[PDB]
Structures are given as structure tokens and as C-alpha cells.
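Only one chain comes next, encoded as C-alpha cells, the form deposited in one PDB entry.
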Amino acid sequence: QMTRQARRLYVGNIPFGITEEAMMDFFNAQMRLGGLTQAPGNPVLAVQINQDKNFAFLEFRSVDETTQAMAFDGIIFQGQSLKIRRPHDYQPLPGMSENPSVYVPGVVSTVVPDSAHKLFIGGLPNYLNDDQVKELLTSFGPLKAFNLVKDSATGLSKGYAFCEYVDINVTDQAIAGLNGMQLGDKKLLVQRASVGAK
């Protein structure tokens, strides 16, 4: 029922080759070391992986730990920013928590809402993983949100990404510092994402 979808999360952008055991061990350890659990023991009960679409559903033992796990949206796992989302069929019942109450230091959200400070970064080498692209962008300070767009068929980046800095006032310096930058065989395009949005 609805309680059960209130204990499940979509986890996108899972690395190639990840087993159920590896995902379980990662999420259980990180939730406990991050203080996101509410009771003794492991909070994740099951993982179902779809290797063809690089997503998993995790099932948790409680509604509140499911909600807290949303604070791991963007956590890096084997170089890739995991996308943590509510199931499409999820609807909170009255009294059910909806938003995580904790911020996990170092975790950069994958949700980049349109805004005056949202950047588009194009022309990235397709072999750079999420962490490596973030590393480049953090030359100008910490990120508030970031997503690298992937190719479903090749299991690899499409060469473009979106981001926003914690300090919105560095946006034009980052454009100036990165736009036209020669990176491997390509030259970066960095501009506000509203310039070229379809």
C-alpha cells in the first residue's frame, strides 16, 4: 500500500557492475556513519537493481529513515552522483515526514532548478565521471547542485552538465574562467543555462 511506497526510493545513475550486496553495504554503512538512522541496526531492507537502466529501488525499514535518506541525493558512489528520488507512485499520508531534517556535509544535490545562477557546461570529454567534472567546477568554490547528463546506451556521459554554486556571486567568474577552456580535444562552453535551454 501507500506505507510501502513511503519506504522505497528510486536511486538513479548507479555505476556499471554494482551488485545488490555492494549497494546495500554502501547505503547501510553511510546512513549509520552519517547519523541518519533512528534505531539500532541497518535501515535498508532490500535493493532491486535494473542494470539495463542503471537504477535501483531501495526499500527501507521505516518511513522516517526513507525520508532522511533523501539527504543523500548526489552522494558519490564509485565516482557517480547517485540520484535519489521518491517513487512516482509515492504519496505521503497525513503524519508522514516528507523532507529530510539533516544536511549531510559534502553531499551536492542533483536537482538543479532553473534560476539566474544555473550554469550549463558543454563540451566535456565523455569519459570524465561525475566526481571529476565536479572537481573541475569546484575550482571556483563549492557547488549547491550539479548533474552530469548520461547516455543510456553507452553507459557514459553525454558531455554536458548543469550546476549552481553555493556562492551565487562567483557565477560570472566561473563562466569567465571556464568558458572556452581547452579540455582534451574539446573546448568547454560555459554559460547561464537559460541562454540555450529548449
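If you superpose the two forms and keep the largest set of C-alpha atoms that fall within 1.5 Å, you have the rigid core. Quick note: we count residues from 1 along the sequence shown, nothing fancier. Shifts are known only where both forms have a C-alpha.
Beyond the structure shown, there is the form deposited in another entry, which is absent from this document and is the topic of what follows.
Open item on the list: Shifts of 2 Å or more at the CA atom, core superposed, between the shown form and the other one: which of the listed residues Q38, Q51, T138, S62 is the one?
Closed with: With the rigid core fitted, the residue that moves is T138.
Open item on the list: If the two forms are fitted on the core, does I14 show a Cα displacement reaching 2 angstroms between the shown form and the other one?
Closed with: No, shifts by less than 2 Å.
Open item on the list: Given a superposition on the rigid core, I'd like a yes or no on whether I84 shifts its C-alpha by 2 Å or more between the shown form and the other one.
Closed with: The answer is no, as the C-alpha of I84 shifts between the shown form and the other one by less than 2 Å after core alignment.
TODO: Align on the rigid core first; then say whether the Cα of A29 has moved by at least 2 Å between the shown form and the other one.
DONE: No, its C-alpha moves less than 2 Å.
- [ ] Might you say whether the CA atoms of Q78 and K144 end up closer or farther apart in the other entry than in this form? Their distance differs by 3 Å or more.
- [x] So the answer is farther.
TODO: Regarding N169 and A71, go with closer or farther for their CA spacing in the other entry versus this form, the difference being 3 Å or more.
DONE: Closer: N169 and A71 approach by 3 Å or more in the other entry.
TODO: Taking the rigid core as fixed, pick out the runs of 3 or more consecutive residues whose CA atoms all shift by at least 2 Å between the shown form and the other one, and give them in sequence order.
DONE: Core-superposed, the runs shifting 2 Å or more come out as 91-95, 116-194.
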